[PDB]
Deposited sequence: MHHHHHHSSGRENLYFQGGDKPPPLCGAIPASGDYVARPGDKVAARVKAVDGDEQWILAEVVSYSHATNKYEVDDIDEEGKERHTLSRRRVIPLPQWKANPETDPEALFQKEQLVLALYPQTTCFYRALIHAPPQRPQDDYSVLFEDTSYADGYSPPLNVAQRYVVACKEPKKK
């Protein structure tokens, strides 16, 4: 998939986080701390500052426990600042699962259609990391 925002990158473009004013919309995908899981927003209450989210199992969560996934992707060749850099700590969706785990960026995408390569934290390996695994841009958020 090509980039979809053309031009400093806005909140929710790639690596740039949501603003403190931001509320994720019904149907939007989020990482939700229940373990961080992939979830879809159902509702928000300004009275309690809580979302209801459904696992992709409904949960009522403080906004502090919900990280919106990025809504836009910029081209790496024009806006590399919108991507996570090598060695950055992120939460990344473990491939073929619905769970997010801490990981280090091995390699950002060099073209818009590419994935990130990441090293998941995993103390079962001597140096404390998994071998590299690919994760889609839409499933990597700041930790």
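Undergrad: Please list, in sequence order, every stretch of the deposited sequence that lacks C-alpha coordinates.
TA: Gaps vs deposited seq, in order: 1-9, 17-20, 48-54, 77-81, 169-174.
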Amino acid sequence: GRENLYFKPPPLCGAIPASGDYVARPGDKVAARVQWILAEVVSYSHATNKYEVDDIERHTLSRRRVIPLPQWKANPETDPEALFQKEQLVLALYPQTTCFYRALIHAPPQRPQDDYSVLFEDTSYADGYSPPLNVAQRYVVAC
From here on, numbers count along this sequence of modelled residues.
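Here, rigid core means the biggest group of C-alpha atoms that superpose within 1.5 Å across both forms.
Undergrad: Aligning on the core, I want to see which stretch wanders more in 7 other deposited structures of this protein. Is it 45-53 or 66-74 by C-alpha RMS?
TA: Between the two stretches, 66-74 moves farther in 7 other deposited structures of this protein.
Undergrad: Do the C-alpha atoms of 121-129 or of 16-24 have the higher average B factor in the entry?
TA: On average, C-alpha B-factors are higher across 121-129.
Undergrad: 47-55 versus 63-71: which one carries the higher mean Cα B factor per the record?
TA: Stretch with the greater average CA B-factor: 47-55.
Undergrad: Rank-wise, by C-alpha B-factor, drop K86 into the lowest, middle or highest third of its chain.
TA: Highest third.
Undergrad: Lowest, middle or highest third: where is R102 by Cα B-factor in its chain?
TA: Tercile = middle for this residue's CA B-factor.
Undergrad: Using only modelled residues of the chain, where does the Cα B factor of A31 rank: lowest third, middle third or highest third?
TA: It falls in the bottom third of the chain.
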